[PDB]
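# just dropping in an experimental structure and the matching sequence.
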Amino acid sequence: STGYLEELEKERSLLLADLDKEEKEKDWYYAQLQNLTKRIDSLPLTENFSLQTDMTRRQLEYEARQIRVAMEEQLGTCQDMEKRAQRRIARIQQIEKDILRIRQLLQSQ
C-alpha cells in the first residue's frame with residue numbers, strides 16, 4: 001500500500017508480467033518454427049519434383065535455423081528459460097511471504 005510494501009507489491013506485479021510476457025514470446029517463436037516444419041512435412045516426395053523439393057526443403061531449414069538463432073539471442077537456451085522462470089516464481093513466493101509478515105508488524109502496532 002505505502003512505502004516498502006508498495007515497492008514489493010509492484011515488484012510482484014512486474015514479475016507476474018515478466019512470466020506472462022516470456023510465455024507469449026516463446027509462443028510466438030514456436031508458432032513460426034512449427035509452421036516451417038509443417039511446410040517441410042508437406043513437400044511432395046514424388047521423384048519428378050525432387051530438385052525443386054530438395055531446394056525448397058533446404059531453404060526452409062535455413063529459415064528455421066535463423067529463427068532459432070534469434071530466439072536464443074533473445075531468451076537463451078531451453079535451460080536458461082526454465083531457470084529464469086523458476087527464479088521469477090521463487091521471488092514472487094518470497095515477496096508474498098514478506099508482504100504478509102510486514103503487514104502483521106504494522107497491525108501489531
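Good, I have the coordinates. Numbers count the residues shown, from 1 in each chain.

# number of residues surrounding residue 38?
The number of residues packed near residue 38 is 10, by other C-beta atoms under 10 Å. Just so you know, the C-beta spots here come from the backbone N, C-alpha and C atoms, and that holds for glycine as well.

# that one sits in which helix or strand?
Per DSSP states H and E, residue 38 falls inside helix 3-41.

# tell me which residues in that helix are buried?
By neighbour count on 16 or more other C-beta atoms under 10 Å, the buried set for helix 3-41 is 8, 12, 15, 22, 26, 29, 32, 33, 36, 40.

# buried set for the helix or strand that that helix is followed by?
Sequence order places helix 50-75 as the next helix or strand after helix 3-41, per DSSP H and E. Of all the residues in helix 50-75, those buried under the rule 16+ other C-beta under 10 Å are 53, 60, 64, 71.

# ok now helix 50-75, how far from the chain's centre?
20 Å (C-alpha atoms, centre = their mean, to the nearest Å).

# so which elements touch the helix or strand just after it?
Per DSSP H and E, the first helix or strand lying C-terminal to helix 50-75 is helix 78-108. If contacts are counted by 3 or more C-beta pairs under 8 Å, 6 or more residues apart in numbering; DSSP states H and E, helix 78-108 sits against helix 3-41.

# thinking again about what came up before, just the buried residues of helix 50-75 now: which is nearest residue 3?
Nearest to residue 3 out of those is residue 71 (C-beta to C-beta; 40.0 Å).
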